[PDB]
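# Next one to model:
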Amino acid sequence: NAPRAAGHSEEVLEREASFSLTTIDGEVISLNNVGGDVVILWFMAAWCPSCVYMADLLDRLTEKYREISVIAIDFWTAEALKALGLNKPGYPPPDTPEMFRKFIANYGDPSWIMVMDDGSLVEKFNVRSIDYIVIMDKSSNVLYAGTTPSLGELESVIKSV
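Numbering: from 1, shown residues only. You can find the structure just below:
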């Protein structure tokens, strides 16, 4: 029975492919806990030069499209840096939760979920930079993943869905 086996295989694969997030306050969540139709995972760091402009874009898209939920994922943590070999004087020290909060208060939006990553999500989503965007729908289809997408690119993606 190929259709039956295909369906069960999907069950196993979907669960393996799934992820969870730890919020800045220490709460474990998944996609079910997120409100929008469109989920944007934004992998960033409080010192990232380009991230100020990215925050500007996400603010406007948040205001324009109520169905978007932004999850700000600061992966510039001691655990992630150690895993990646970036725990060296040539790189900034880990972001404190205070620095992360201050960045989001200054440039981002109060409705956003804030998450700090230990390198797990960096590995999961094949994150290529400190200003990296993954856009997904609620079925976990990936609509875009890439470093520093333009406003035009983001708009095009949101409009298609």
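# Show me the helices in the chain, by range?
All helices of the chain, identified by DSSP state H, fall at 2-17, 51-64, 78-84, 97-107, 120-124, 151-160.
# Just the buried residues of the fifth one, please?
Within helix 120-124, the residues that qualify as buried by neighbour count (16 or more other CB atoms under 10 Å) are 120-122. For the C-beta atoms, the positions are set from N, CA and C on the backbone; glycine is no exception.
# which residues does the most centrally placed residue in the chain contact?
Within the chain, one residue has its C-alpha closest to the average C-alpha position: by CA atoms, centre = their mean, that is residue 41, at 2.2 Å. Listed by CB atoms under 8 Å, 6 or more residues apart in numbering, the contact set of residue 41 reads 71, 73, 121, 125, 133-136.
# tell me which of the buried residues of helix 120-124 is nearest to residue 157?
For the buried residues of helix 120-124, the closest approach to residue 157 (CB to CB) belongs to residue 121, at 20.1 Å.
# measure stretch 30-45 end to end?
Using CA to CA, to the nearest Å, one end of stretch 30-45 lies 21 Å from the other.
# What distance do you get for the closest residue to residue 19 other than its chain neighbours to residue 91?
With sequence-adjacent residues excluded and distances taken as CB to CB, 6 or more residues apart in numbering, residue 19 is closest to residue 124, at 5.6 Å. Using CB to CB, to the nearest Å, residue 124 is found at 22 Å from residue 91.
# coming back round to it: could you point out which of the helices of the chain sits nearest residue 27?
So among those, helix 97-107 is nearest, using CB to CB, at 13.5 Å.
# Could I get the buried residue list for the closest one?
Those would be 99-101, 103-104, 107, for helix 97-107 by 16+ other CB under 10 Å.
# Can I get the residues you listed in TSV including distance to residue 65?
Output for the buried residues of helix 97-107, formatted as TSV (distance: CB to CB, whole Å):
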residue	distance to residue 65
99	28
100	24
101	24
103	22
104	19
107	19
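# Now compare those and name the two farthest from each other.
Top of the distance list for the buried residues of helix 97-107 (CB to CB): 99 and 107, 12.4 Å.
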